[PDB]
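Report on one structure; see the data block that follows.
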Amino acid sequence: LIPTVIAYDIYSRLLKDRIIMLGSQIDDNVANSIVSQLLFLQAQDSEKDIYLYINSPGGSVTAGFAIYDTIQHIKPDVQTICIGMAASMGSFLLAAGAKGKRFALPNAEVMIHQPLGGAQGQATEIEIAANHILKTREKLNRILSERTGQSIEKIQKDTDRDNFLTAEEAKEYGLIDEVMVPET
Amino acid sequence: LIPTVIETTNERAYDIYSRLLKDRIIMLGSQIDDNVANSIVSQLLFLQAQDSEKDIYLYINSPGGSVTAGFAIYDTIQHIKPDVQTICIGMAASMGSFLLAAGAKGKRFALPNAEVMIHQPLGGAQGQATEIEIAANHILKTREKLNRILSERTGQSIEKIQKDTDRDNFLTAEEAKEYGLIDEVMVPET
Amino acid sequence: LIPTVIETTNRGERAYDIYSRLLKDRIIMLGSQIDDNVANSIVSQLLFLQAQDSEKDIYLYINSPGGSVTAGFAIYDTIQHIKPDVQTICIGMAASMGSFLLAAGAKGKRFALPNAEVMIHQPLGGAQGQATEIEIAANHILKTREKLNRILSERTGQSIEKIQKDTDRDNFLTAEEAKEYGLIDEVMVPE
Amino acid sequence: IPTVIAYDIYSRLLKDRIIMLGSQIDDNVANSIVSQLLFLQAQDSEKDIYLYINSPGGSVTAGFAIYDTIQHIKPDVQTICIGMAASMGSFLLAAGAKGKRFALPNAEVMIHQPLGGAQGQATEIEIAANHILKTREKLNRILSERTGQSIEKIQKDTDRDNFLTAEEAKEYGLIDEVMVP
Amino acid sequence: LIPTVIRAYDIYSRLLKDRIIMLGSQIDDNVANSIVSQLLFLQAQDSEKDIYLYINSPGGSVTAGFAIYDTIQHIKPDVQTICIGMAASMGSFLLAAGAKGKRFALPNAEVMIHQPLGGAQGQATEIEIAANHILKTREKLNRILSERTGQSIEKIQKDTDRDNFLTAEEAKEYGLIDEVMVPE
Amino acid sequence: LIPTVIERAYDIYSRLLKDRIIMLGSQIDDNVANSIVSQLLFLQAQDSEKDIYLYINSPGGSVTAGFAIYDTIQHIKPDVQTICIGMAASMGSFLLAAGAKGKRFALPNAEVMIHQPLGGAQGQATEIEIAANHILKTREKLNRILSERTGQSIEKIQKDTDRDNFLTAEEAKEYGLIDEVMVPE
Amino acid sequence: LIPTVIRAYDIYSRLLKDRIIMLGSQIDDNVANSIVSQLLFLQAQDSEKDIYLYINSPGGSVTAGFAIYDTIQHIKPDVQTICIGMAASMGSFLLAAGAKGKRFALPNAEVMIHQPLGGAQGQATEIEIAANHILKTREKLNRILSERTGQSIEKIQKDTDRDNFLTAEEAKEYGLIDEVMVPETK
Amino acid sequence: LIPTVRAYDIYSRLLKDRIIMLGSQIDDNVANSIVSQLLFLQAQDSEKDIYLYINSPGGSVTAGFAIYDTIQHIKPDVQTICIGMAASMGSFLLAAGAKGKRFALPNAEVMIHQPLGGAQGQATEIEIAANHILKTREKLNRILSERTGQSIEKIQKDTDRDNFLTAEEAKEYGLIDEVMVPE
Amino acid sequence: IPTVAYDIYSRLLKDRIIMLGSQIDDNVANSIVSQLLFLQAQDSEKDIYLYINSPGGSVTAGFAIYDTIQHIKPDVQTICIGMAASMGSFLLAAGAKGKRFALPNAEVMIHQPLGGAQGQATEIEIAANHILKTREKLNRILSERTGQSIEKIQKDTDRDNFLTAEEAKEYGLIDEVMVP
Ligand SMILES: CC[C@H](C)[C@H]1C(=O)N(Cc2ccc(OC)c3ccccc23)C[C@@H]2N(C(=O)NCCCC(F)(F)F)CCC(=O)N12
Ligand SMILES: CC[C@H](C)[C@H]1C(=O)N(Cc2ccc(OC)c3ccccc23)C[C@@H]2N(C(=O)NCCCC(F)(F)F)CCC(=O)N12
Ligand SMILES: CC[C@H](C)[C@H]1C(=O)N(Cc2ccc(OC)c3ccccc23)C[C@@H]2N(C(=O)NCCCC(F)(F)F)CCC(=O)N12
Ligand SMILES: CC[C@H](C)[C@H]1C(=O)N(Cc2ccc(OC)c3ccccc23)C[C@@H]2N(C(=O)NCCCC(F)(F)F)CCC(=O)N12
Ligand SMILES: CC[C@H](C)[C@H]1C(=O)N(Cc2ccc(OC)c3ccccc23)C[C@@H]2N(C(=O)NCCCC(F)(F)F)CCC(=O)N12
Ligand SMILES: CC[C@H](C)[C@H]1C(=O)N(Cc2ccc(OC)c3ccccc23)C[C@@H]2N(C(=O)NCCCC(F)(F)F)CCC(=O)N12
Ligand SMILES: CC[C@H](C)[C@H]1C(=O)N(Cc2ccc(OC)c3ccccc23)C[C@@H]2N(C(=O)NCCCC(F)(F)F)CCC(=O)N12
Ligand SMILES: CC[C@H](C)[C@H]1C(=O)N(Cc2ccc(OC)c3ccccc23)C[C@@H]2N(C(=O)NCCCC(F)(F)F)CCC(=O)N12
Ligand SMILES: CC[C@H](C)[C@H]1C(=O)N(Cc2ccc(OC)c3ccccc23)C[C@@H]2N(C(=O)NCCCC(F)(F)F)CCC(=O)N12
């Protein structure tokens with residue numbers, strides 16, 4: 001049961017202050033919702049910052065790029081904050097936040113790897129599927145290189161296997177700008 | 001949950017997608033079945049009734065689906081008076097890319113990292129030889145119907161469409177523009 | 001998720017789900033497989049609309065693969081019973097009992113959009129158990145076909161003999177071929 | 001399967017040149033029958049072989065393995081339908097040596113068009129459709145040759161399930177005699 | 001069926017009106033997203049007043065737990081923790097994460113601690129990556145648990161090797177809570 | 001399933017909560033415990049002096065979830081009356097015995113059952129040992145509290161809870177699980 | 001029920017006594033091992049006399065097929081290939097692998113040729129490896145099938161893109177077999 | 001149906017001429033059988049060569065090492081011949097044949113990769129499983145280095161992913177000695 | 001299973017070789033126990049050879065094999081080929097003193113016994129006491145045959161402990177590593 005506040009559900013109350021929740025696996029439904037929220041908020045105010053909360057294991061690459069392109073297209077800066085974890089396409093979207101406004105809390109987990117998929121059937125069908133996922137990885141690595149400041153060659157090497165980063169290591173890597181440390 | 005948006009009135013609450021429909025935006029954000037087609041067809045009929053002059057905006061993030069359900073949407077877009085803009089965000093595959101190509105001439109768009117896929121229709125038949133023949137003749141005629149309309153809306157020949165849609169053909173937004181499926185790749189606002 | 005529409009009136013904002021808004025302008029949706037629930041709803045909508053106005057036309061949207069013959073005949077009989085002319089429009093597809101109901105619209109007011117698909121075939125069914133039980137089931141589905149073909153003959157203008165031959169297997173028709181056959185009156189071309 | 005003084009019943013029948021087609025026709029059944037036919041040819045090229053048919057048919061290719069082997073070998077292969085011959089089994093019943101195709105009085109003979117399935121792309125469905133259509137043409141041409149009926153008549157008579165009595169099968173040309181007591 | 005109280009509040013939403021958040025289930029990303037959003041909502045309402053985290057949980061996801069942990073430490077209000085029924089694993093970790101001097105348990109509440117659980121599959125290098133990750137996760141957990149209990153990291157490692165059930169009184173002695181809240 | 005009553009419209013159970021009646025009418029899991037614990041905190045905040053009425057028609061369930069309800073009953077100031085209607089089995093009968101002194105009731109044909117706690121253990125011998133020591137502790141914890149509230153000895157409870165022990169309303173009164181059999185007028 | 005013949009042989013073991021091997025099922029490793037072992041046994045009995053490989057098979061494992069293929073080529077005796085019923089995929093490859101001039105099909109036998117089928121699942125680089133493997137396997141198959149049919153590699157590529165069913169006579173024209181085996185004289 | 005050829009089943013006849021079949025996935029049942037055949041054949045004759053046929057996708061590493069150790073323990077040379085395919089522990093055993101007597105037919109497929117496994121439970125239990133499989137890989141890679149003549153660094157890198165090799169490439173790599181060409 | 005007339009394992013049994021090459025259940029125990037009794041009846045002085053390629057299994061089934069090895073007069077040699085784990089490693093250690101072997105790459109695993117218990121608290125207690133006694137029984141015997149203390153065996157069997165053949169020899173589970 002998601003609690004009510006007064007009548008907003010808790011997540012709708014957060015959207016009132018320009019906070020969007022990416023708190024699940026990324027499919028087309030999640031992407032359609034977030035994309036729509038981004039369009040609504042920029043229509044309300046094109047100057048004020050938007051805040052993208054990220055607690056996600058990733059998911060669909062095309063659904064992820066739906067969110068990515070909408071972030072870049074709109075005028076407002078979209079801040080990103082990783083709380084809990086950002087894995088796979090979640091960490092890609094974390095790195096896609098406005099330059100200087102990509103954050104994570106100290107114990108947040110960031111993971112990067114190569115895209116996952118499958119193919120079955122004739123040899124030429126397997127080839128088409130293989131060329132597709134390789135082009136998709138090159139596309140992902142190229143953008144990640146541009147937003148982190150790392151070389152495409154280094155991204156390729158570091159995303160070959162599952163690579164778990166602490167929030168601080170994600171800052172060192174260039175996936176975020178600051179680790180949001182708590183007040184004593 | 002579908003997020004609720006609330007705006008200060010002289011406080012009115014909307015579900016996000018109904019609020020988008022208020023500004024003439026229709027969401028094609030799922031696999032195309034009869035239910036999705038009926039909704040989109042009804043929305044198109046509602047918006048043209050509200051205003052026959054103002055543009056309609058069809059958001060497309062779909063893997064495609066039913067060809068007949070797709071043609072329900074297609075024919076309704078062609079029948080109504082206002083221009084239907086199409087924008088691919090995320091992906092448009094199969095019937096989804098067909099509907100992307102069906103948007104108003106000069107108003108078919110995609111964001112730079114959107115994926116466009118085209119291929120021949122999928123189906124199945126089972127039973128007697130004459131039943132398989134009927135099913136085969138039907139899906140072949142459906143492909144001719146699709147390819148002929150794609151040729152008209154892209155400028156590509158029916159022979160080239162046949163060859164390019166024989167297997168899965170993935171296109172970038174820029175390649176989709178070059179192919180004639182869209183008119184412009186939308187680049188970021190300043 | 002059915003989208004909501006918001007109309008401003010002189011009393012205030014009025015919210016409708018999209019399909020209920022269309023019902024306000026006498027548009028009924030047959031947009032699914034025909035079962036008893038779908039027939040019960042459509043039959044009730046027809047009775048509601050004729051009570052509001054017995055002269056005005058009603059519009060039956062048809063995007064259906066067909067389904068139950070008895071549920072189809074619930075809709076058919078209610079269309080013929082009420083005073084209002086029921087226009088039918090095929091958008092997407094009309095197959096089996098869906099195409100039967102497309103042909104059941106008011107004379108001169110049966111439509112299809114250019115790329116809509118119309119299919120006609122003989123009814124489907126099953127029988128299991130004793131020889132006498134299989135006989136009863138076979139006689140029942142055969143009389144149901146004669147019933148369907150007789151009414152389809154009357155509404156298309158085709159003979160019962162020609163309808164029998166043409167519905168022996170799956171027979172897919174274009175919107176123009178459906179017009180030529182007599183299943184619809186006009187193809188509604190775009191302006 | 002009982003033993004007889006020591007042979008299993010079907011191996012004893014094979015000793016007297018009798019082959020059992022008593023099940024659905026798959027590749028395993030075809031491989032067995034084809035091998036038995038070749039074996040019986042080597043034992044004696046002159047003496048008749050007797051193919052017992054109680055079968056609902058099955059695989060068309062597996063059926064043609066049996067068909068071609070029957071027409072290839074030197075000995076005449078008598079066919080006898082006991083119980084039923086359907087589809088490919090009734091095709092093989094008709095494949096027996098001219099004048100030596102039989103059925104018992106209450107045996108059931110059924111003929112229909114070949115059954116199959118296709119799934120995937122439109123061009124793949126087209127290929128499967130052209131395949132099964134040409135397979136029917138191949139079956140109907142051979143059935144026309146062996147029954148004496150026209151290809152046009154067989155096409156119409158195999159459109160749906162067509163059940164025949166033993167006497168009707170004789171009149172059709174699927175068999176030569178109804179074997180009385 | 002959750003009962004309602006009359007504005008109409010479901011019982012949990014009514015408790016949120018008095019700054020009480022419920023952690024009453026297995027910790028997954030949905031529970032974390034909700035609790036994190038409630039913590040942000042309550043500190044926005046008032047940054048001085050105490051928040052009260054009810055804990056009846058068997059634990060669950062370590063990343064989802066750390067989403068709640070970091071959000072507790074980030075916000076200005078003291079987050080009190082009270083164990084009613086049980087707190088195990090990540091739930092007992094979040095119990096120890098409460099404001100200093102404001103971590104409670106009712107007399108018959110059960111507190112359990114152990115090392116984190118997981119799974120690994122595939123190639124030898126993939127298994128190595130999974131093992132190094134879950135070992136770093138335990139070090140990360142034991143470090144924080146050491147600081148908040150006052151026990152040595154060597155002692156935490158030993159006592160979390162197997163399932164270790166503790167009474168409310170034993171949890172106070174261990175440093176997981178501050179007081180056993182006895183009935184007046 | 002649940003009917004509405006109008007006066008402000010309430011579902012039947014929410015209307016009962018307005019008169020300080022809490023329903024324990026199902027298997028005791030964490031969700032049921034969380035709900036009841038929240039209702040007890042709501043009612044004591046509304047009025048810390050007026051009685052609360054815990055309806056008990058439960059087969060029991062989770063011991064920790066039961067102890068969530070138990071500890072919340074003992075902590076709050078209001079008297080929590082307990083009334084067994086239908087049945088109170090296992091942890092339900094523990095909570096029936098946990099009601100305010102002199103205000104634990106049962107209707108004449110209500111069923112009260114008591115037994116030892118149920119559980120599981122899998123894996124290594126030391127893991128089984130830890131699991132066995134835990135549930136044995138949990139039983140002592142339950143038996144010690146039952147002893148205090150019933151007036152029966154710990155060793156007597158041990159023997160009487162070894163197997164399933166069904167009791168009538170009158171036998172539950174005689175045992176000390178309830179105070180009165182609430183007879184009809 | 002495989003019938004016995006009378007020493008008591010099962011029917012297939014009796015056929016092996018006259019140098020006939022049965023490829024009458026889907027090609028898996030078990031079938032390949034048995035056929036490879038039979039081929040080694042028959043060459044040891046007699047290194048000159050022809051072996052007969054009956055083929056009624058829908059194909060199967062490519063590696064299992066190449067176990068059979070390589071053993072045929074390695075041994076001294078000619079392996080006649082005899083298509084009865086049907087030869088599809090790797091079955092039709094093995095049909096084409098029979099001794100030159102001694103590849104047969106019966107008049108109504110079905111021969112089908114198409115590209116190899118497979119699967120890939122996991123990371124992008126794992127999918128790439130699986131794709132490169134099956135593509136190289138196709139080139140290997142096409143190159144050999146080119147050499148034995150007399151058709152160009154690009155013609156084989158085009159004609160095996162989809163399912164391609166050939167009659168016995170069309171298989172002879174294509175070069176997959178040498179003769180449509182006629183009935184024996186009597 | 002295994003054909004008959006006294007009357008022997010085909011594989012028993014091959015065993016009479018000292019040919020052992022490794023034609024399936026390597027489990028404990030297959031290893032126990034092959035190990036027993038090796039022990040039987042060396043007892044019949046310690047000097048005459050044994051021939052290990054390999055058409056296997058591999059399987060259990062321990063079951064593979066059962067066969068490996070028995071090959072090295074016995075006096076007779078165990079020839080290895082890859083027909084069809086040798087993958088994983090199957091290709092390890094192909095490389096384990098007598099020096100100069102490891103073969104493959106021209107179109108045989110050879111695959112090498114790192115060992116596969118699983119682990120579940122506590123962090124310390126996962127650690128133990130990780131330490132074990134890594135030791136198993138080093139154990140395997142060291143023997144490959146010795147029998148191929150390649151450096152262990154090269155073996156480590158080349159077995160990181162699935163690495164398919166032709167018969168000629170297997171010869172060049174050192175996994176086999178000759179590609180057995182047809183007469 | 002190839003033939004040589006004898007099936008391969010029956011031919012090995014003719015030379016007093018018993019195969020423990022599978023998971024240990026009652027059926028495997030009954031077979032091996034019966035082979036041990038049969039081989040004693042054939043010759044009470046000549047050695048028996050127990051091949052061990054097993055992941056272990058039932059402890060009572062393992063103890064059926066153990067007691068029968070100890071009961072009979074002939075020495076029972078044990079050789080680990082492939083792997084011996086759990087009860088398989090226990091039975092490996094139970095072989096005749098000075099005649100317990102393993103090939104170089106053979107794997108030896110030792111760990112505490114696994115079990116399960118469901119129901120009432122007193123039933124869980126009875127199951128827990130039983131498996132604990134079973135561990136004491138196993139550790140006491142493993143102490144006698146390895147030469148290690150009961151405390152060290154308790155420590156080293158708390159978790160999965162994978163040993164090489166040489167490490168198993170050093171531990172006392174075997175006497176010699178058979179070199180080629
Ligand atoms: C940059 C937007 C450009 C300017 C353009 C457009 O091309 N679109 C397509 C579009 C649709 C759906 C979308 O994700 C759901 C879009 C996301 C990103 C970009 C375009 C999208 C429709 C858009 N509209 C609006 O935004 N109005 C404001 C009301 C928005 C809201 F949410 F409050 F109702 C209609 C008018 C218009 O011109 N546009
Ligand atoms: C336009 C086509 C012509 C004008 C005609 C018509 O033939 N029809 C059939 C129709 C039904 C359903 C449909 O998709 C659900 C139709 C879609 C496309 C075309 C026809 C469709 C009904 C139509 N109506 C309307 O459009 N009213 C306006 C109110 C619309 C809304 F949505 F707000 F209620 C009723 C009046 C009418 O004459 N028509
Ligand atoms: C022409 C119908 C005739 C006139 C008759 C009748 O025999 N019936 C049966 C009937 C029921 C349900 C039905 O589909 C749900 C019927 C459908 C078709 C015919 C009869 C049906 C009830 C009907 N009523 C009405 O029509 N009220 C008007 C208000 C209707 C609505 F929908 F707005 F509430 C009640 C009064 C009455 O006499 N009738
Ligand atoms: C001159 C006979 C045919 C045409 C010829 C031949 O081409 N083949 C191929 C063949 C194989 C399998 C077959 O169905 C299993 C065949 C079926 C039909 C035709 C050919 C077949 C092998 C055949 N053999 C025999 O017939 N030997 C006799 C022993 C038979 C048996 F069964 F007892 F062992 C070997 C010698 C030989 O020349 N042939
Ligand atoms: C300390 C918050 C910091 C200052 C900052 C921020 O960085 N965020 C990201 C964030 C998002 C989601 C979150 O858990 C759902 C966050 C949790 C913890 C920290 C940041 C989080 C958005 C935040 N906002 C607010 O809090 N406004 C008040 C309204 C809150 C509520 F809930 F009532 F609607 C927007 C303005 C702002 O500056 N911030
Ligand atoms: C009495 C306990 C003490 C006083 C303390 C407290 O420690 N807690 C923790 C607590 C949370 C959840 C609980 O079961 C859901 C608690 C149950 C028992 C004890 C504490 C619990 C919060 C409590 N609050 C209240 O009681 N407000 C009154 C409004 C309650 C309601 F329900 F109407 F909204 C907040 C203020 C406060 O100090 N407390
Ligand atoms: C011809 C190959 C060469 C000659 C060589 C050889 O390299 N091998 C490996 C081999 C094994 C298994 C095989 O398919 C199961 C082989 C298949 C093809 C090639 C080699 C094969 C063993 C072979 N043997 C025999 O052929 N003996 C004759 C007995 C045959 C039979 F079947 F009756 F028992 C042993 C002697 C020998 O030197 N060889
Ligand atoms: C080299 C083995 C050494 C010499 C020794 C030995 O230690 N063992 C253990 C052993 C068992 C099982 C095995 O794989 C099933 C063994 C495999 C490899 C090594 C030992 C094995 C028993 C062996 N025996 C034999 O060799 N018999 C000869 C006949 C065997 C056969 F197969 F023909 F029946 C008994 C005599 C003997 O001393 N040994
Ligand atoms: C040694 C035990 C003593 C000697 C005694 C005995 O008490 N028993 C019980 C027993 C049964 C089964 C067993 O594992 C299947 C036994 C195992 C171990 C001990 C006893 C066992 C039967 C035994 N027998 C034999 O040994 N016969 C010899 C033939 C044996 C074989 F295997 F070849 F057929 C019968 C005669 C006899 O007195 N005994």
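As shown in the structure tokens, the chain order sets the letters A, B, ...; within each chain, residues go from 1, and ligands are also counted from 1 in the order they appear.
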* To do: Determine, counting only C-alpha atoms, which protein, DNA and RNA residues have an atom within 12 Å of an atom of residue 155 (chain G); residues of the same chain fewer than 3 positions away are not included. Present the result as a ChimeraX atom specification.
  => /G:142-143,145-146,149-152,158-161,174
* Skip residue 181 (chain C) itself and residues of its chain fewer than 6 positions away, then list as a PyMOL selection string all residues within 10 Å of it, counting only C-alpha atoms. => chain C and resi 156-158+173+175
* So which residues touch residue 180 (chain D) within 10 Å, counting only C-alpha atoms, skipping near sequence neighbours fewer than 4 positions away, as a list in words? ->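 Counting only C-alpha atoms, the residues come to residues 103, 104 and 105 of chain D.
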Counting only C-alpha atoms, which residues of chain B come no farther than 10 Å from chain D, as a compact mmCIF listing (two decimals) with N, CA, C and O atoms, in the first residue's frame?
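Listing of iface-v3.txt after writing:
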# COMPACT_ATOMS: atom_id res chain seq x y z
N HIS B 119 10.29 -4.73 -41.12
CA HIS B 119 10.40 -6.10 -41.61
C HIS B 119 9.03 -6.58 -42.12
O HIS B 119 8.04 -5.87 -41.96
N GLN B 120 9.00 -7.75 -42.73
CA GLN B 120 7.76 -8.29 -43.30
C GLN B 120 6.81 -8.80 -42.20
O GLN B 120 7.27 -9.12 -41.09
N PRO B 121 5.49 -8.85 -42.48
CA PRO B 121 4.54 -9.27 -41.45
C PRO B 121 4.71 -10.74 -41.03
O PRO B 121 5.19 -11.56 -41.82
N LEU B 122 4.34 -11.03 -39.79
CA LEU B 122 4.46 -12.36 -39.21
C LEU B 122 3.08 -12.98 -39.05
O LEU B 122 2.09 -12.28 -38.82
N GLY B 123 3.01 -14.30 -39.18
CA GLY B 123 1.75 -15.02 -39.04
C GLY B 123 1.93 -16.51 -38.89
O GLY B 123 3.04 -17.00 -38.66
N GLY B 124 0.82 -17.23 -39.01
CA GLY B 124 0.82 -18.68 -38.89
C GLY B 124 -0.42 -19.29 -39.52
O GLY B 124 -1.47 -18.65 -39.59
N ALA B 125 -0.28 -20.53 -39.97
CA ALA B 125 -1.38 -21.30 -40.55
C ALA B 125 -1.23 -22.76 -40.16
O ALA B 125 -0.11 -23.25 -40.01
N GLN B 126 -2.36 -23.45 -40.00
CA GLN B 126 -2.35 -24.86 -39.60
C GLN B 126 -3.64 -25.54 -40.04
O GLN B 126 -4.73 -24.99 -39.88
N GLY B 127 -3.50 -26.75 -40.60
CA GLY B 127 -4.63 -27.53 -41.09
C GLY B 127 -4.37 -28.09 -42.47
O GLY B 127 -3.23 -28.43 -42.81
N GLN B 128 -5.43 -28.17 -43.28
CA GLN B 128 -5.36 -28.75 -44.62
C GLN B 128 -4.56 -27.88 -45.59
O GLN B 128 -4.41 -26.68 -45.37
N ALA B 129 -4.08 -28.50 -46.66
CA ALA B 129 -3.28 -27.81 -47.69
C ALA B 129 -3.99 -26.58 -48.26
O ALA B 129 -3.37 -25.53 -48.42
N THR B 130 -5.28 -26.72 -48.55
CA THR B 130 -6.10 -25.61 -49.06
C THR B 130 -6.30 -24.49 -48.03
O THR B 130 -6.41 -23.32 -48.41
N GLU B 131 -6.37 -24.85 -46.74
CA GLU B 131 -6.41 -23.86 -45.65
C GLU B 131 -5.09 -23.09 -45.52
O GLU B 131 -5.10 -21.88 -45.30
N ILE B 132 -3.97 -23.79 -45.68
CA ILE B 132 -2.63 -23.17 -45.64
C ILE B 132 -2.46 -22.21 -46.83
O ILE B 132 -1.87 -21.14 -46.68
N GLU B 133 -2.96 -22.62 -48.00
CA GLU B 133 -2.94 -21.79 -49.21
C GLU B 133 -3.68 -20.47 -49.00
O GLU B 133 -3.16 -19.40 -49.33
N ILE B 134 -4.90 -20.55 -48.45
CA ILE B 134 -5.72 -19.37 -48.15
C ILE B 134 -5.00 -18.42 -47.19
O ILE B 134 -4.97 -17.21 -47.42
N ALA B 135 -4.44 -18.98 -46.12
CA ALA B 135 -3.66 -18.21 -45.14
C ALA B 135 -2.44 -17.55 -45.77
O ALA B 135 -2.13 -16.39 -45.46
N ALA B 136 -1.74 -18.28 -46.64
CA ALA B 136 -0.56 -17.77 -47.34
C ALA B 136 -0.91 -16.64 -48.31
O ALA B 136 -0.24 -15.62 -48.33
N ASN B 137 -1.96 -16.84 -49.12
CA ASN B 137 -2.44 -15.80 -50.03
C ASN B 137 -2.88 -14.53 -49.29
O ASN B 137 -2.67 -13.43 -49.80
N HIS B 138 -3.47 -14.70 -48.11
CA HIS B 138 -3.88 -13.56 -47.28
C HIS B 138 -2.70 -12.73 -46.77
O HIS B 138 -2.68 -11.51 -46.95
N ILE B 139 -1.71 -13.37 -46.14
CA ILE B 139 -0.56 -12.65 -45.58
C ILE B 139 0.33 -12.02 -46.66
O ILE B 139 0.92 -10.96 -46.44
N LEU B 140 0.42 -12.67 -47.83
CA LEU B 140 1.11 -12.10 -48.99
C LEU B 140 0.42 -10.82 -49.51
O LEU B 140 1.09 -9.84 -49.81
N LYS B 141 -0.91 -10.85 -49.61
CA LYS B 141 -1.70 -9.67 -49.98
C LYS B 141 -1.58 -8.54 -48.95
O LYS B 141 -1.54 -7.36 -49.31
N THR B 142 -1.53 -8.91 -47.67
CA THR B 142 -1.30 -7.96 -46.58
C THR B 142 0.08 -7.29 -46.70
O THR B 142 0.20 -6.09 -46.43
N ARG B 143 1.11 -8.04 -47.09
CA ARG B 143 2.44 -7.47 -47.30
C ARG B 143 2.48 -6.51 -48.49
O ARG B 143 3.10 -5.45 -48.40
N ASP B 166 12.67 -7.90 -46.05
CA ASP B 166 12.74 -9.37 -46.08
C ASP B 166 13.21 -9.93 -44.73
O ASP B 166 12.66 -10.92 -44.24
N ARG B 167 14.23 -9.29 -44.16
CA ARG B 167 14.72 -9.59 -42.81
C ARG B 167 14.53 -8.37 -41.91
O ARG B 167 14.13 -7.30 -42.38
* Asked: Quick one, how far is CA of residue 24 (chain E) from CA of residue 19 (chain A)?
  -> 25.4 Å
* List the neighbours of region 92-105 of chain G out to 6 Å using only C-alpha atoms; skip same-chain residues closer than 2 positions along the sequence, and give me the result as number ranges by chain. => G: 78-83, 87-90, 168, 176-181
* To do: Using only C-alpha atoms and all ligand atoms, determine which residues fall within 10 Å of ligand 6, then list them as a ChimeraX atom specification.
  => /E:5,11-24,49-56,80-84,102-106,181,183 /F:33-46,68-69,71-77
* Name each residue within 10 Å of ligand 7, counting only C-alpha atoms and all ligand atoms, as an NGL selection string. => (:G and (32-45 or 67-68 or 70-76)) or (:H and (5 or 10-23 or 48-55 or 79-83 or 101-105 or 180-182))
* Please provide the set of residues having any atom within 8 Å of residue 162 (chain A), restricted to only C-alpha atoms, with same-chain residues fewer than 5 positions apart removed, written as number ranges by chain. => A: 111-114; E: 126, 129
Can you list every residue of chain I that has an atom at most 6 Å from ligand 8, with its nearest atom pair and the distance in Å to one decimal, using only C-alpha atoms and all ligand atoms, ordered by chain then number, as a Markdown table?
| residue | atom | partner | partner_atom_place_in_ligand_line | distance |
| --- | --- | --- | --- | --- |
| I:11 | CA | ligand 8 | 34 (F) | 5.3 |
| I:12 | CA | ligand 8 | 34 (F) | 3.7 |
| I:15 | CA | ligand 8 | 34 (F) | 5.3 |
| I:17 | CA | ligand 8 | 11 (C) | 5.7 |
| I:49 | CA | ligand 8 | 9 (C) | 5.4 |
| I:51 | CA | ligand 8 | 12 (C) | 4.8 |
| I:79 | CA | ligand 8 | 9 (C) | 6.0 |
